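Structural description and commentary
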Amino acid sequence: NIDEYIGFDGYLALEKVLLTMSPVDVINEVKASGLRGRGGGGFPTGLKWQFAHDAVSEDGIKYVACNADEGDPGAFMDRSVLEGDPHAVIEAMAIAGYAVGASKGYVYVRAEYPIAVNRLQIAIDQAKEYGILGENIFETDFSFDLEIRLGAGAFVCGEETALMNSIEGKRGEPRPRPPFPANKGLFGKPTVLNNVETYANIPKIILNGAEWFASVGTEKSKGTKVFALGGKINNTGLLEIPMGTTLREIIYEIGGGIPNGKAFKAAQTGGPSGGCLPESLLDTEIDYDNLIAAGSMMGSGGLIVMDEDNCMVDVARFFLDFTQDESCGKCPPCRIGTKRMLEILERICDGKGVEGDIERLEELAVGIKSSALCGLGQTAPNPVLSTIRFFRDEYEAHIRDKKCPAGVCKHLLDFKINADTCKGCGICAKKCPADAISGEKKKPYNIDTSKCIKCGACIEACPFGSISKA
Amino acid sequence: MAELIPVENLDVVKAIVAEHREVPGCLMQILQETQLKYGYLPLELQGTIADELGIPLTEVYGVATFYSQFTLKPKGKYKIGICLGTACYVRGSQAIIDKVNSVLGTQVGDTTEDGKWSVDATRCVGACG
Amino acid sequence: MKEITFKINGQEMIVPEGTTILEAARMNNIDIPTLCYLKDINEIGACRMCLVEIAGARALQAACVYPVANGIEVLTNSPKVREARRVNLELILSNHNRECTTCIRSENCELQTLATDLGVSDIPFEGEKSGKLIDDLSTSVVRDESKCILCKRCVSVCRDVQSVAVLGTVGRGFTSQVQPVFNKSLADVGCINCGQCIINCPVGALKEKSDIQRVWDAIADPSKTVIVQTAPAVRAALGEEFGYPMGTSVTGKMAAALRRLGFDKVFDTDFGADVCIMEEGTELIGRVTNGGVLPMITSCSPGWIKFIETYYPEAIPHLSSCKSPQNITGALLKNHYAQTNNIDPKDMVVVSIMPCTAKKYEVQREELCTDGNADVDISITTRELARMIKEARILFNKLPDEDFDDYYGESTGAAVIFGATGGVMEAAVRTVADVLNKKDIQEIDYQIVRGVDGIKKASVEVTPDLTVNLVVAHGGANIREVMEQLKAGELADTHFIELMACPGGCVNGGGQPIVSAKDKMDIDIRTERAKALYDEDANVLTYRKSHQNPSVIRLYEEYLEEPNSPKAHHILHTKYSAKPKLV
Ligand SMILES: Cc1cc2nc3c(=O)[nH]c(=O)nc-3n(C[C@H](O)[C@H](O)[C@H](O)COP(=O)(O)O)c2cc1C
Ligand code: SF4
Ligand code: SF4
Ligand code: SF4
Ligand code: SF4
Ligand code: SF4
Ligand code: SF4
Ligand code: SF4
Ligand code: FES
Ligand code: FES
Ligand SMILES: [Zn+2]
């Protein structure tokens, strides 16, 4: 509803900027604000604005783009501001176009969000009804136009250069840099790429001043940051906290603690591009410099917490399964190295591995880290490198002792019945497909581990739950 | 729900080409729009659309295959997509995957012969709460 | 033009804008490995071989596509660079089937040279290679997927240079493979048998259809006598196989070596070539005097006429009814030589050493037969003739020289220039001018069209009453451009347009021996081949015109009467039909 946003001091930034503030002053304000992008690239926002502004195009045509293509599992903030208040979203790029002199912009959204896509185009109509979108914006000489482009949720498209080709209609395949998209981008013209979340605070910078944004937060990164908290947590939702809040507080003071009183073991940050943060770093200040020193990053802003019951071997496989699936496939590292990453791990899961393979993992991991063109593959082993750095001894259980303490690795665990509780009714014998369970009624049965394929149909088949994972 | 247009009806394809010819980078948009109308897009649709565009079939077929969300084979009536997200994963989603495989009597990525049930490994739908 | 200053490895340079560090180091006597790089054709950065340390850079950058910048520092011998190269070669080599005893490329596989150069002995990482799918079904090109490196050179060549683009990429990860459309075979789509795709690949994933077994079977027959015939362009590049410098003529050595194989007769395609030059001159005269279909085009190369049949049938009145000089001399030997020698035509087997690979498909055509009898039996390319000589293994570097056979081995310079582009057309206009106006011309000035290189326009007064418009075309993109203009109809005044698909003329043909990239950045092999051929032209001291050769005059007087006779039409003139397209 257009009347709702204008009743909450909305669209006043363009009223001030289009009459009082010059385009150069806006870049000065954001540079004075110390704003740096949360998209994952770690680049200062106002510095980016310089390169687009001073660059010279042949036809005097410049472009801007809005990145709403979130793909991080468990991360949903990108649509949430779009479905919460797109009026604030569209107001942001209006300031952006004035600062650069771009008369037309493009917005990229996934097509599998029908509530998000429908809501934005209504706001497009409301803005162009009041005159916001089109020509002579607020009786000024500034004209700005937008067009919706329907993406299809390709995760590899979330790269800077990758989405440019998708708008151009070719394959979503990444491009080497240099040249930067700020110099040669869409149609070979200077372009500006910014995610929705960094667009969100732009009106507050103009309205409330850069010092207000600077008045909260540390020196290297100021303000607050939002995460989609998730994982093994009693309460799920979103939190808006400043950087530097210690990891212990969010789990306990805000999260309420581990569900069912389980033991916290490791925590995931940044989704599949990040790593695992164990209990040794519950006191870590969460900001840009500390987490990259700990081997992770914000990514898109995903937070997943794990407990004692999860074997980190399997989750390392699970995150690695993501990278192999979403590879674009030019460079040999992200194409071949992922199954090279993969092929080692399930043999460890199935007990077919040998000693020294952990060292073999690190040999190629550093090599492909330095020799990946696409940004996705360069961050591929960071979950794996995070695990080996602090949870090295869990693999020694699997590679040497051949047990999963969490009882997750199916081909390495065993099944034992609780003879003191087992009635010996033999239902599990009826439900054993490989014919491993033998015994007599009223007496607990006997099982041959070497006979069954460890399928697990017996453990649920027990009416008393006496079968235990060994 | 609008009925899927039979794939042999090619006047609609060229009508779409004529109405969205002027749009820059129109290949993906026309591809997804014909995906919406037709339900699945067999090979002669690449042939016909590339003949209307007059540009070879290689890039069209590639972008048809490079986007995993685009389908070339007929599917079932109902598609079941289980969330393979991390929040769903830590709960133990593999047990649900095996239970679905057991009850459905079909492996992951295959459509039942009745044309009613299909299963897909959607990595996220976004409802990870 | 902007001047950029940059400092590398102790030396500073000034270069124009758009300079890359790779060829800058090449100019400054430093070499960097290349796989996916081709000069001005494939610049994408997929090889991921050429890494160099860049000052202030978080990670390494690929020097192949890396633009230069002002005030930068570049060091090319850090331990990180060497380790990255070693590990990346170990990664890429885990797919390519490592049985390098049996690749056709073998000794000059650029991947093998890199593997030896980096000295990477061990391969610690195992793997599961992609699916083996041998496409041994088409007529000329054979694909093997166990070798391909995703270099993307082949697809770029078939897209840009040839303007055909029947190759693309499919899938993601391991499923990513280079394929034709619709998962069909190469022959099932509009492939032109260009030969550029098979020549530019740096690995040997593609090979040509091998018929050397049929050749050995044919020569093994005592009841069958063999008639071998040679191109003017086989001696243009064959010496490169034996370590000779570029531009060596081994014509007499070639004749001697072929005689050592036991071939019954050795012969040149030149005689029938002169015959068809007289032919096209004759219907030029006719179409001038009868208002024939204009503009006129030749029918020399099978490739582009295949392209016209497949894609643009509407120009089928404009083609020449004459059959190819290969086909002309093949029919001539199978008929007139058979009559003179009183030998059953089926008792001859005729083999041709031509550089086009499209002739492999051309011989398979049903309609290129005379009296229901095969004009030619086996066509072979220069590379596989070289390997045939190697398996026979005569020390080629000490052969003496030998002459050709009567009558059909005699040579003229205007017919020597068939190898370069436009020499056929030069000979045609020279001969028609000599016939009609007694005009003595040696060369024709060409108008280079601005913005398009490789297209050549000319107009010289053949007679004061008739000035003939002349156009020369080599390169598939140029063919597409001139065909589009022809459909537009702005070339109504034009009289001749000469076309071949292979750019640069048959010296740059698909059958020519494989060369690496390094010499291509150094010297244009087309240029040296053309210089060698033109030097051969200047040394022809017997005749510079076809119509003056006593042999063709003898044949015309005794057996062919005049061109465009009913016998000449029945034996040497043919019609073409449009082929169905599966695109
Ligand atoms: C493979 C890949 C996927 C990405 N996906 C996202 C995404 O979903 N959301 C997002 O905001 N940024 C993503 N980025 C980062 C963007 O490239 C870009 O950095 C961001 O829009 C700009 O913020 P920055 O200032 O931190 O770079 C991705 C990068 C890569 C390489
Ligand atoms: S990391 Fe390499 S293989 Fe993966 S998408 Fe990027 S360029 Fe392609
Ligand atoms: S795990 Fe499966 S096969 Fe093994 S004993 Fe239990 S029910 Fe039988
Ligand atoms: S384990 Fe359970 S099902 Fe099996 S015999 Fe004992 S009580 Fe019966
Ligand atoms: S690429 Fe082919 S020719 Fe080169 S070494 Fe390997 S198998 Fe031999
Ligand atoms: S043939 Fe194979 S290796 Fe050669 S360019 Fe094509 S895809 Fe690359
Ligand atoms: S022969 Fe010609 S058309 Fe066929 S794949 Fe090679 S370059 Fe392309
Ligand atoms: S250049 Fe030679 S090989 Fe190529 S099409 Fe022309 S005649 Fe044939
Ligand atoms: S966590 Fe449930 S769909 Fe992503
Ligand atoms: S050799 Fe440099 S990127 Fe290919
Ligand atoms: Zn385990």
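Residues numbered from 1 in each chain as written, not as in the entry; some residues may be left out. Chains lettered and ligands numbered in written order. Part of a larger assembly, values for the part shown. Heavy atoms only, no water.

Structure determination for this PDB entry is given in the record as cryo-EM, at a resolution of 3.78 Å.

If you look chain C up in the PDB entry, it shows as Iron hydrogenase HydA1 from Acetobacterium woodii DSM 1030. The deposited entry bears the title "CryoEM structure of electron bifurcating Fe-Fe hydrogenase HydABC complex A. woodii in the oxidised state". Among the UniProt annotations of chain C, the heading Sequence similarities (unreviewed entry) holds the following wording: "Belongs to the complex I 75 kDa subunit family." Per its UniProt entry, chain C bears the Subcellular location (unreviewed entry) comment "Membrane". (UniProt positions renumbered as here; feature names shortened; annotations may be inferred.)

Per the PDB entry, chain A goes by the name Iron hydrogenase HydB and belongs to Acetobacterium woodii DSM 1030. The Sequence similarities (unreviewed entry) field of the UniProt record for chain A holds the comment "Belongs to the complex I 51 kDa subunit family."

**Section: the coordination of the zinc ion (ligand 11)**
In a perfect tetrahedron of four donors around a metal, the angles come out at 109.5 degrees. In a perfect octahedron of six, they are 90 or 180 degrees. Residue and element names in this part refer to chain A. Here the zinc ion (ligand 11) is held by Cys311 (SG), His398 (NE2), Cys404 (SG) and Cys409 (SG), and the distances to it run 2.0 to 2.3 Å. For the zinc ion (ligand 11), the single-chain donor residues occur in sequence as C-x86-H-x5-C-x4-C. You can see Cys311 sitting in the loop between β9 (302-307) and α14 (312-325) and its partner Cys404 sitting in the loop between α19 (392-401) and β10 (415-417), a full 93 residues away along the chain. For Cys311, a relative accessible area of 5% translates into the label buried. A relative accessible area of 8% places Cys404 in the buried class. (Donors = N, O, S within 2.8 Å, 3.2 Å for Na, K, Ca; no water. Helix = DSSP H or I, 4+ residues; strand = E, 2+ residues; numbered from the N terminus. Buried < 20%, exposed > 50% of the residue type's maximum accessible area, 1.4 Å probe, protein only.)

**Here's the deal with helix α9 (residues 302-311) of chain C**
Residue and element names in this part refer to chain C. The element α9 is largely enclosed, with a buried count of nine among its ten residues. Inspection of α9 places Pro302, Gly303, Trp304, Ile305, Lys306, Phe307, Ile308, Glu309 and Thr310 among the buried residues, and these make up the whole buried set. The secondary structure elements touched by the buried residues of α9 are β12 (296-297), α11 (358-363), α15 (476-488) and β20 (496-500). (Contact = heavy atoms within 4.5 Å.)

**A closer look at unusual backbone geometry**
Omega for the bond connecting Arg177 of chain A with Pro178 of chain A falls within 30 degrees of zero, at 0°, which places this linkage in the cis form. Locating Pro178 of chain A in the fold gives a position in the loop between α8 (160-168) and β4 (191-195). For the bond running from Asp406 of chain C to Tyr407 of chain C, omega is 0°, close enough to zero to count as cis. Structurally, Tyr407 of chain C is set in the loop between α12 (382-392) and α13 (413-416). The phi dihedral of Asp40 of chain C falls on the positive side, at around 65°, and the residue is not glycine. Taking relative accessible area as the criterion, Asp40 of chain C reaches 64% and is therefore assigned exposed. A positive phi is found at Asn342 of chain C, a non-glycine position, where the angle reads about 55°. One can find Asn342 of chain C in the loop between α10 (325-341) and β13 (348-353).

**What to know about the domain arrangement of chain A**
Domain assignment breaks chain A into domain 1 (2-215), domain 2 (224-307), domain 3 (312-400) and domain 4 (415-469). The gap between the C-alpha centroids of domain 3 of chain A and domain 4 of chain A is 36 Å. (Domains from an automatic or database assignment.)

**Concerning the site of ligand 3**
Surrounding ligand 3, one finds 14 residues, the nearest of these being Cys432, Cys452, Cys455, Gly456 and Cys458 of chain A. Of the residues assigned to the shell around ligand 3, the class counts are eleven nonpolar, one polar and two charged. (Near = heavy atom within 4 Å. Nonpolar A, V, L, I, M, F, W, Y, C, P; charged D, E, K, R; others polar.)

**Some remarks on the interface of chain B and chain C**
With 13 residues of chain B at the interface, the matching set in chain C holds 14 residues. Summing both partners gives a buried area of about 1000 Å² for chain B against chain C, and 67% of it is carried by carbon and sulfur. Of all residues in chain B, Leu57, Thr58 and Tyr61 of chain B give up the largest surface area on contact with chain C, accounting jointly for 50% of the area buried on that side. Applying the counting rule to chain B against chain C returns zero salt bridges. Taken together, chain B and chain C are joined by two residue pairs in polar contact. For the side of chain B that touches chain C, the secondary-structure elements that each account for two or more residues are α3 (43-53) and α4 (57-66) of chain B. By residue number, the principal contributor to the side of chain B that touches chain C is α4 of chain B, which donates six residues. When grouped by side-chain class, the residues that make up the side of chain B that touches chain C number five nonpolar, six polar and two charged. (Buried area = accessible area lost by both parts, 1.4 Å probe. Salt bridge = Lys/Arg side-chain N within 4 Å of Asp/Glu carboxyl O. Polar contact = N/O pair within 3.5 Å; in protein donor to acceptor, adjacent residues only side chain to side chain.)

**Notes on the sheet that holds strand β1 (residues 63-67) of chain A**
Residues and elements named next belong to chain A. Read across the sheet, four strands follow the order β3-β2-β1-β4 without closing on themselves; strand pairing throughout is parallel. Either end of the sheet is taken by a strand with one partner, and the two such strands are β3 (145-151) and β4. Direction aside, neighbouring strands of the sheet carry axes that sit 20° apart on average. Here β1 pairs with strand β2 (residues 104-110) via five bridges, running parallel. Among the inter-strand pairings, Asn67 is bridged to a residue of β2, identified as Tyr108. (Pairing = 2+ DSSP bridges. Axes fitted to C-alpha atoms, helices over the stretch in contact; angles between N-to-C directions.)

**A word on a negative patch on the surface**
A cluster of acidic side chains, namely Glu355, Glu359, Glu362 and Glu363 of chain A together with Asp122 of chain C, defines a negative patch on the protein surface. With respect to the element layout, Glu362 of chain A can be found in helix α16 (residues 357-369). (Patch = residues over 30% accessible without salt bridge, like charges linked within 9 Å, V, L, I, M, F, W, Y side chains within 5 Å. Areas by Shrake-Rupley, 256 points an atom, 1.4 Å probe, with all protein chains shown as cover. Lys, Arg positive; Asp, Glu negative; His and termini not counted. Charge placed at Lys NZ, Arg CZ, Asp CG, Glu CD.)

**Here's the deal with the pattern of salt bridges**
Summed over the entire model, instances satisfying the criterion amount to 38 salt bridges over all chains. Between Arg123 of chain B and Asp321 of chain A there is a salt bridge; the shortest N-O distance is 3.2 Å. Note that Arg123 of chain B is positioned in the segment after β2 (117-120) and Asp321 of chain A in helix α14, a pairing that runs across two chains. Relative accessible area serves as the criterion here: at 15%, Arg123 of chain B is assigned to the buried category. For the salt bridge of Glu484 of chain C with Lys487 of chain C, the shortest nitrogen-to-oxygen distance reads 2.7 Å. Taken as a pair, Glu484 of chain C and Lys487 of chain C lie in helix α15 at a separation of three residues, close to a single helical turn. Relative accessible area serves as the criterion here: at 30%, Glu484 of chain C is assigned to the partly exposed category.

**A word on the sheet that holds strand β4 (residues 61-62) of chain C**
Taken in spatial order, the five strands of this open sheet run β2-β1-β5-β3-β4 (chain C), and their pairing is mixed. Lying at the two open borders of the sheet, with one neighbouring strand each, are β2 (11-16) and β4 of chain C.

**Quick word on the site of ligand 5**
Close to ligand 5 lie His96, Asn97, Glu99, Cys100, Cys103, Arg105, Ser106, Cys109, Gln112 and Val203 of chain C, which account for all nearby residues. A breakdown of the residues in the shell around ligand 5 according to their chemical character gives four nonpolar, four polar and two charged.

**What to know about the packing of aromatic side chains**
All names here are of chain C. Following the criterion strictly, the structure yields 18 aromatic pairs over all chains and no others. With 5.1 Å between their ring centres and 35° between their planes, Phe307 and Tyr311 make a pair best called tilted. Here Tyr311 and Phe307 lie together in helix α9, a separation of four residues that amounts to about one turn. Given the relative accessible area of 5%, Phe307 is considered buried. Residue classification places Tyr311 among the partly exposed residues on the basis of a relative accessible area of 24%. Among the aromatic residues, those joined into a ring-pair cluster are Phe267, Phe271, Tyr407 and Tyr408. We note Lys306 situated over the ring of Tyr361; from NZ or CZ to the ring centre the distance is 3.7 Å. (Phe/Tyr/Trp six-rings, centres within 6.5 Å; stacked < 30°, edge-to-face > 60°. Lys NZ or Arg CZ within 6 Å of the ring centre and 35° of its normal.)

**Observations concerning the packing of helix α2 (residues 12-20) of chain A against helix α6 (residues 86-100) of chain A**
What describes two packed helices is the angle between their axes and the distance between those same axes. Residues and elements named next belong to chain A. Their axes nearest at 9 Å, the elements α2 and α6 cross at an angle of 10°. In terms of orientation, α2 lies roughly parallel with respect to α6. Judged by the sense of rotation from one axis to the other, the crossing of α2 with α6 is left-handed. For the pair α2 and α6, the contacting residues are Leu12, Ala13, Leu14, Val17 and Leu18 in the first and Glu91, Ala94, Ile95 and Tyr98 in the second. (Parallel < 35°, antiparallel > 145°, perpendicular 65-115°, else oblique. Left-handed = near helix turned anticlockwise from the far one by under 90°.)

**Points about the side chain of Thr140 of chain A**
Residues and elements named next belong to chain A. When you line up the elements, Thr140 lands in the loop between α7 (114-130) and β3. In this structure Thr140 comes out as buried when scored by relative accessible area, which is 11%. From its side chain, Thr140 meets the backbone oxygen of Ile137 in a polar contact 2.4 Å long. Once you skip the residues sitting within four places of it in the chain, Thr140 turns out to touch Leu18 and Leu19.

**Side note on α8 of chain A**
For α8 of chain A, the buried fraction is high: eight of the nine residues fall into the buried class. Inspection of α8 of chain A places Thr161, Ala162, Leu163, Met164, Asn165, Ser166, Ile167 and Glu168 of chain A among the buried residues, and these make up the whole buried set. Packing partners of the buried residues in α8 of chain A comprise β1, β2, β3 and β4 of chain A together with α2 (26-38) of chain B. Where α8 of chain A ends, the next residue or the one after it, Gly169 of chain A, has phi of about 95°, a positive value.

**Structural notes on the nonpolar core**
All names here are of chain A. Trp49, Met93, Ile95 and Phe144 are the most contacted members of the largest nonpolar core, which totals 43 residues. Where this core is concerned, the elements lending two or more residues are α1 (2-6), α2, α3 (23-33), α4 (45-54), β1, α6, α9 (196-200) and α10 (202-208). The biggest single contributor to this core is α6, with nine residues. In this structure, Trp49 is in contact with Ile27, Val30, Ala96, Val100, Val192 and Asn194, ignoring residues within four places of it in sequence. (Core = buried A, V, L, I, M, F, W, Y, C linked by side-chain atoms within 4.5 Å.)

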